[PDB]
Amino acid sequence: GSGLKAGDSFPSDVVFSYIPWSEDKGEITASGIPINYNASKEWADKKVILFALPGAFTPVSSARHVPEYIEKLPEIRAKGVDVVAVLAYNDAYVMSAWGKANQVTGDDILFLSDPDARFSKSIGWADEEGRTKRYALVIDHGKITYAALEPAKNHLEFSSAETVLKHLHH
């Protein structure tokens, strides 16, 4: 891959897969329709936090990583962030279900699939099993302003809500 650092442009043609939340499909046992989400296009005029993690329903990810972003969402929005998105290698059906498991509604946090971890692979941040690694990006109108890969699979620090917040608070 290529790695990403602050000051880099967000790559072009980045496409994720997801199921937009809807009231009719609010039950976790109800499935919606997966569609493409063109992050490069959607995020051109937005300030975005993208955090990736080993997978939906994994231990650290489920116990700390996603709950902390939910808890900090009001402060994150207070700092001008338009989109918060979690990313993993799981398909859109699973990411959708995970959003519901975490009692997220609307688009408060986007639960996005990186199909075959292809985006994460393209920047060198996927692991040997084809999972995305744990990392965070802050992308402000197409420019990377924060980028951190965790030093280990089960280490949550540089991609945490609280840490990303510190960098928005500057």
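Throughout, we count residues from 1 along the sequence that is shown.
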(request) Using only the Cα atoms and their B-factors as the entry lists them, report which of 21 to 29 and 147 to 155 averages higher. (result) 147 to 155
(request) Determine, for stretches 30 to 38 and 47 to 55, which one has the higher mean CA B-factor as deposited. (result) 30 to 38
(request) Pick out which of 68, 140, 116, 127 has the highest C-alpha B-factor in the PDB entry. (result) 127
(message) Among the modelled residues of this chain, does the Cα B factor of residue 75 put it in the lowest, middle or highest third?
(response) middle
(request) Relative to the other modelled residues of the same chain, rank the CA B-factor of residue 63 and answer lowest, middle or highest third. (result) highest
